[PDB]
Each structure stands twice: as C-alpha cells, then as structure tokens.
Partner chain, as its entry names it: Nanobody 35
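Next up is one chain by itself, shown in structure tokens, the form solved without its partner chain.
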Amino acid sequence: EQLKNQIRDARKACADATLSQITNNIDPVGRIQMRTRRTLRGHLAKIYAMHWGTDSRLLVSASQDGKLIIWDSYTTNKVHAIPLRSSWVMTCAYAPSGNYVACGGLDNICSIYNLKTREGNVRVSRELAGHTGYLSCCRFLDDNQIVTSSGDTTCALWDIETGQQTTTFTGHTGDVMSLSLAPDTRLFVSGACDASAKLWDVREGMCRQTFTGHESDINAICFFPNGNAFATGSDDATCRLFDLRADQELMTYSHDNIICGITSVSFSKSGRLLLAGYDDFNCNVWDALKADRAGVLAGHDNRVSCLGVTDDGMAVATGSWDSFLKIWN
C-alpha cells in the first residue's frame, strides 16, 4: 500500500504553498445584483435538469410530469414540447448541431430524438440500451457519439449510428452521478458517491487523474473554460477546484448557513465566477478566486435542481422545483 503513500508524498512535494497569498493582489468583483429579466412558466411539476443550445438562444428543460419542452429564451415562446414515452426523467441534453435531444432517468433506457425531420412532429430517433442503473448525465460529444453516466458504477460512450456501445469506463467504485465534458471534447470528468472525481479519455478509455478532495459525494460538476481545471460540488457545502497538472485542490469555500448540499455548479467565459445552487431556495454566487460570497440570486421559493449559463455567457437559467425557469442577467 506504499504506492498511495509515495503518490501523496510526491503530490505534497510540489505543493510548496497555496495561491491565497498571491490572489489578494487582484481586484474583487464586488457586489453584483443579477436580477431576473425573464420567467419561463408552463411546466407541470418539479424540473430535474435543463440545457442550453450552442446558439445560446434556445434551451431544453424536462419536468416530473413526463414531457420535455424547448423554449426560445429570447421571445419566451415554447418552440417545442414532446411527451416522453415513459414518465420519469433525470437529465436533458442538447446536441451541438441542434438536431438531437437526449434524456434519461428511471427508465434506464436512453432516448435520442431528431428535431429536424421531414414531418413537423418529432419522434424517438434512437433507443439506446445497455445500462443497469439510472441515468445521470447524457452530455453530447458529437452528432453520432454520446457519453452517458449511470448508477451501475460505470459510464459508457456509445455510437448512435451502430447502436451498441463503443467505450466503457468502470474505474469508479461507487455509482457515478456527475459528468462534465471539457471544451476540447477529448476528456471528461466523472464523480460518484465515494468522494471521487476521475478524468477519462474518450480515445483511450483509460482514466488519467483521480481526486479525493471532497468527503461526502460528488453531486455537482462543471469544467473550467480553460480546460485544465474543474470544480465539483458536494453535500459538505464545499466546491473544491482542482487542476489537470498538479492534481491539488486550490479553492475551499465554507459558509456556516449553507451546510446543506450543493446541487449544481457553473462558470463564465472569464472564469472569475462560480454559480452554485443550494437547498435554501437560492443559488449563492461564489467568487472563483477570492473565495468569498459575491452574489445572492434569491428569486426562487423552492429548491433549485439544475442551473447553467449559456454558451456566450449572456444569460443564466436556473431550474427550480416549482415549475419555474428564471433567466438572469
């Protein structure tokens, strides 16, 4: 068992000092209001997840009722509304091309829809099988390759055209529930119950780095725009930010009144902004460098489940459990 001992000794050897001392020389972001400017209303039950398109104008959101709808955020009209074959969903995905939508959950079978059809209506273009656990994330990789994370302690990258699996990753001992894709679309980071965040390479299917900064679990995940760093949430009210080079935890956010779990995290183009949602009906906007509170974002009377900024970073959408979707700026 000396391998882990020497690994941690080598890791601590390169960690001569933290970055807190040099971070004090930067100008604080100050207080930002970021009041709501739009409200998407019409959902029937609690919202589980939502996603933004590559055009940063349309978005897709699914609720507990059993239907997922696509809003046009600019003019508030609902572009699309599709009832799922089943009645349980957990996550949503918008393809970068904009012609496919992915979803999954308690059904344990992934569904891939085709928005741009010869007929006006849309149908289940592909039915994906091969998961023995509940789906958690279905982030799109390309028009034909999609990576998914389930509750069977393994994740899998599938090819839409052929139907069967292409790559499998079973490194995680616990059930992986968080999955984030890097902007380069080469490596993705996964997180499970056992306080473990692990890198995964699409081409090789062999994990590159492993992390154990958190304690309880990894129920939130995101990627830095730079691509060599990422931040993961936890039930311990902490969002530790790691890197792809030193494998050391950089930031540690603590606050005595939000001890509850953190559901989702996000970022911005500059990276000096971390939007994290909690169980106190608010999404505390945390500074990514000064490690202090920056925003409030108190506009929901129920628990926020999933939040995410747009591709251009011009707006922020927060999905809560009161069938209310709010756009912030």
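Positions refer to the first chain, counted from 1.
Heads up, the form deposited with its partner chain bound isn't pictured, but that's what we're talking about next.
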{"property": "Site test, 141, 161 and 185 vs its partner chain in the deposited complex, non-hydrogen atom cutoff 4.5 Å", "result": "no"}
{"property": "Partner proximity in the deposited complex: residue 96 to its partner chain, non-hydrogen atom cutoff 4.5 Å", "result": "no"}
{"property": "Contact test in the deposited complex: residue 173 vs its partner chain, heavy atoms, 4.5 Å", "result": "yes"}
{"property": "Heavy atom of residue 168 within 4.5 Å of its partner chain in the deposited complex", "result": "no"}
{"property": "Interface membership of residue 114, its partner chain in the deposited complex, 4.5 Å heavy atom rule", "result": "no"}
{"property": "Listed residue (124, 202, 193, 181) with a non-hydrogen atom within 4.5 angstroms of its partner chain in the deposited complex", "result": "193"}
{"property": "Residues within stretch 253 to 277 having a non-hydrogen atom within 4.5 Å of its partner chain in the deposited complex", "result": "258, 259"}
